[PDB]
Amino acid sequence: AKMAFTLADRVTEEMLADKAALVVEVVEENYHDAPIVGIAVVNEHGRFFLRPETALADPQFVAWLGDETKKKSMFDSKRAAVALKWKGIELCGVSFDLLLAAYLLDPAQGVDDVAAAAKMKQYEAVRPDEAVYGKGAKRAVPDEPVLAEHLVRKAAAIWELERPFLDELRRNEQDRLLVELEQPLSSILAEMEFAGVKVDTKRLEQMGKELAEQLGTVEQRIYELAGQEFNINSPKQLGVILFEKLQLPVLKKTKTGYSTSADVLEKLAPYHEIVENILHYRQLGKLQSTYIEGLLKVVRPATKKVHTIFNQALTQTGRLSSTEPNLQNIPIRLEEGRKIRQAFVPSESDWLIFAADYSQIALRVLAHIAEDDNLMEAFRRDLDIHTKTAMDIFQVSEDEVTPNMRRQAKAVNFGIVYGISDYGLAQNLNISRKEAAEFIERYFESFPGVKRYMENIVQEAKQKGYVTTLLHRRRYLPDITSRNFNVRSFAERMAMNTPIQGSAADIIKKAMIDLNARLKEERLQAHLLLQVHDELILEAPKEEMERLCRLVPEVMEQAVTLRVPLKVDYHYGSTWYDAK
């Protein structure tokens, strides 16, 4: 059964062929400044295992890695590329990434290792990484013979699977999406991750000191009001205090007990002074635990930067996600939380943070795909879309739209953009499911093209088995035929929503590629730091801001051409907070 390979003591020329499957193995989950434990190369001449201390000190091997004309096929090339960047080594010529190929073919398979990808093509001559390295505390790199066989089997699987994966991508009309969008993007994400974002840790620490004082004060008030100490962070002890001791109304349950979500608590505040204090304690506690202490824990001491990892192969809509830290959920809506952004600063003296965001990209994409005459006209006039939606839903003029009317319309728009259910919209607006349905009905009367689109896309999903985005990203929807109303309805909502969210993801990814090219052409030092779904964050010398003010929005706006314009807003300043 064993797979033959050369356990090489040195690099030879036959290992440096112009086409190879390459494995550069980084076992730590967070690959920043992490060890490379082994290397495997499979090519027309054979299968090879190399020790990294050897290969990575060999000038011929390093040249080969960096030579764009030497083509490599890999799985999760970004992990290898970043780990190699920390060692001062450039990885070029990666022409196929099996992780990104599998992700595009079917994001729902949850492919996160070579074995899982291989199984899509009935190839099982490779073990799952979890089986080799173990999990959790028991996780460890195995002895060399076991390690080397595993890496060689992964390389062999990649070597064999490239053709069938590319063939299926071609059949799906997704090969350009892989080769021209996701693969080039992977390189850009690697650069962003490696650059990192500078943190003003002293400022974070000062905030933490103040929060600790405020938390102690509120905490003690809560105990006084409760007539008893308890763990406020325990949903169980808190529920006992609120709903048994203090006898507050139970307005909502969880599957295991009493709900204490903020929405519920706000409704209970009139009955007892403890409630507003718990809400305040929660708010401060979230900041302290997640955005002060949690952030400080992942700052690299050598440079005071944080280096996120963008998971490019996870979400079902084509979005990225961000981990360790997550830099896509830093507070902004409320001022107390927004101040956390003062801690994210430029990495060089006399540089600034520049932030550019699409204005209503999801609803603009919807206008385009649905060809809804009224929605397209609204965006061609660059109307405030929530005010316009209120005018239409309520049949009033602009100067008759009250704040609460605009709020209801905005909630409907939020619902369309995220594909939430009537129940969800009812919750969000604190109204009956019945009234939520009525809102949706008025929306479709004013936007009949959107109605027709939603009908048609659900039918298309049922017929084809999947829906697609503008650039041919796919999502399979097997639950669309379910005889369970809730399950089916969830799938119908995903059919409606994925082309919206997913096409918006496609567009910003293309914009990132275009922007990186333009910055290089223009010889700017500006570079990308972060993407937050519909916005891009850069830093640059202060002397580049005026140019960026023209260049960045233009590139973002021109990434695709739709039936409506795209519009990008932008700001800059001395910290991320000030880039507003």
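Residue positions are given as counts along the sequence shown, with the first one as 1.
For the segment pair 69-77 and 479-487, the entry gives 479-487 the higher mean B-factor, averaged over Cα atoms. According to the PDB record, 258-266 carries the higher mean C-alpha B-factor of the two stretches 258-266 and 125-133.
Within the listed group 503, 308, 247, 413, the record reports its top CA B-factor for 247. For the set 200, 357, 168, 422, the maximum C-alpha B-factor listed in the entry falls on 422.
Residue 523: CA B factor in the highest third of modelled residues in this chain (values from the PDB entry).
Annotation for residue 549: CA B-factor lies in the middle third of the chain's modelled residues. Sort the chain's modelled residues by C-alpha temperature factor and residue 331 lands in the middle third, per the entry. When the CA B factors of the chain's modelled residues are split into thirds, the value for residue 10 lands in the highest one. Among the modelled residues of the chain, residue 465 sits in the middle third by CA temperature factor in this PDB entry.
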